[PDB]
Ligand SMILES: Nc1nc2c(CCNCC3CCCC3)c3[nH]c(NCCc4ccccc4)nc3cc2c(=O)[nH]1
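Listed next as structure tokens is one chain, alone, in the form deposited without this ligand.
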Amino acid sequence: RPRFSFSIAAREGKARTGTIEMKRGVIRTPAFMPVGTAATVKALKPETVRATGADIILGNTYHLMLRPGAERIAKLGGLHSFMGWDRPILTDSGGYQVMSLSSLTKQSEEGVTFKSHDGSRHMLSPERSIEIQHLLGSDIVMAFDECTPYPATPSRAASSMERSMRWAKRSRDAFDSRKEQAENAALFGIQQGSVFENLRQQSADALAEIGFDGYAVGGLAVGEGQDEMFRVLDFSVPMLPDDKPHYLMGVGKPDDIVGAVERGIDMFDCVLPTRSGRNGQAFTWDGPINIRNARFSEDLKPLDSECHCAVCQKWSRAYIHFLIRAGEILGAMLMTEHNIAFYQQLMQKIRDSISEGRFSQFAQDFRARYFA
């Protein structure tokens, strides 16, 4: 297999389906990436993650750089060996979680210094982020950027987008100056610009001039709501190179995924299926349910009536209701496996419907039933 090859096999409107071939495996797109918060997709063995259909997982750099530490992971053979997942891993840059989770943060044109959420002090710059992702052995490396809160004034959105584009060039040069990384991994750039079309265009132009293996739409799913997110995607995705993957970071609910695919997105990640699964929310084709609700206490049906996952083959809603309300680890395990499997089945139905030229009908049927 090549370092990186994205091929589009079929298209319907703005939606695309295809494959990314990388050294560690093939990624079917549109793709959903389960999130490994710190070297584990919570409550699942890697073999179970794979059995649900996932082709790639996301690793969070911020957590790993604090514990166990990037240098330690490298000494132990890299993230894939450490956690036991041998397929592709996309790593984020660490920048978002520095701003959302850490303390004592000091931002500058060089990068960010911050106190660990142990109080230890640390630094992150484009160069150091790319280095950490190298030490982890990431297959898809994210450029380090400066995130823009929502809402943002035009001036602040412009300043942060401009800094992010300067940092995108620094990220590109850092990645290219490490032969082993440049030859074996891929690098994605991140479009910024908040909700402003002109800034989104300037950002897309800057990223395309630098050149990346894929392009993320950053700065969304941060409080603007679905209507606004879709409005921004409507004009933003067409600005990116058509022949490279489009990655919508941190999205999302099933309907958000469907609508984003309709707008040209190829890749997704979110903690919703894992985190909300441990909290008791199960996804079904008839909408989400909270399994803790008393109405499920004697319900012998599976979580979802059509789901092909091992949880739905073997255990009832009533049992999982009991486990979650008792705080049992097996409850978290079963809810998480089902939710990740549901997400993968959603992505498979999306891919097949695009490949068959019936994705518009799928989206309509999906919504009618999910929101009934």
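In case it trips you up, residue 1 is the first one in the sequence shown, and so on.
One more form of this protein exists, namely the form deposited with this ligand bound; it is left out here, but the text below deals with it.
Only one of 147, 289, 257, 239 lies close to this ligand in the bound PDB entry, with a heavy atom inside 4.5 Å, and it is 147. 249 is the sole member of 185, 249, 282, 233 with a non-hydrogen atom lying within 4.5 angstroms of this ligand in the bound PDB entry. Among residues of the shown chain, residue 261 is not one whose heavy atoms approach this ligand to within 4.5 Å in the bound PDB entry. Contact between residue 213 and this ligand in the bound PDB entry is not found at the 4.5 Å heavy atom cutoff. Taking the partner from elsewhere, residue 96 is found to have a heavy atom lying within 4.5 Å of this ligand in the bound PDB entry. Taking non-hydrogen atoms only, residue 35 approaches this ligand to within 4.5 angstroms in the bound PDB entry. Taking a 4.5 Å heavy atom cutoff to this ligand in the bound PDB entry, the contacting residues in 202-238 are 218, 219, 220, 221, 222.
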